[PDB]
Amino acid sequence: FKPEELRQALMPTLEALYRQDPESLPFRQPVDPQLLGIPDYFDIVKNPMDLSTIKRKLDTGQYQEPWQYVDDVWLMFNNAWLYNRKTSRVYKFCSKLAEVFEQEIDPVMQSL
């Protein structure tokens, strides 16, 4: 795939996640376990991922192939599902972002 064409294809799905308010707010920066008061976080979550890390990777040609991008998005959600209780605000927000991403990524990958 062409970098600019791969970037262009996937772009709208990322922007879809950013457009969700307030659901995208806990996902815009890397989790800071000190600030958030969750000192066990890095013991439980061994490979953190967030929107800003994805965007920087996308925009700088780090994704040579779509599933690399998809795997990073999926990791972000699975991290939050793993760490947070199912009744928590962040967990509910996560499911919302995940539902949105599936409905966006299907028609994209059904062409690339």
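Under this definition, the rigid core comprises the largest set of C-alpha atoms superposing within 1.5 Å between the forms. The numbering used is simple: start at 1 and walk along the sequence shown.
- Between stretches 33-41 and 52-60, the one whose Cα atoms sit farther from the displayed model in 7 other deposited structures of this protein on average is 33-41 (core-aligned, root mean square).
- The stretch with the higher mean CA B factor, choosing between 7-15 and 91-99, is 7-15.
- Once the C-alpha B-factors are averaged per stretch, 55-63 and 71-79 rank with 55-63 first.
- When all modelled residues of the chain are sorted by CA temperature factor, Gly37 is found within the middle third.
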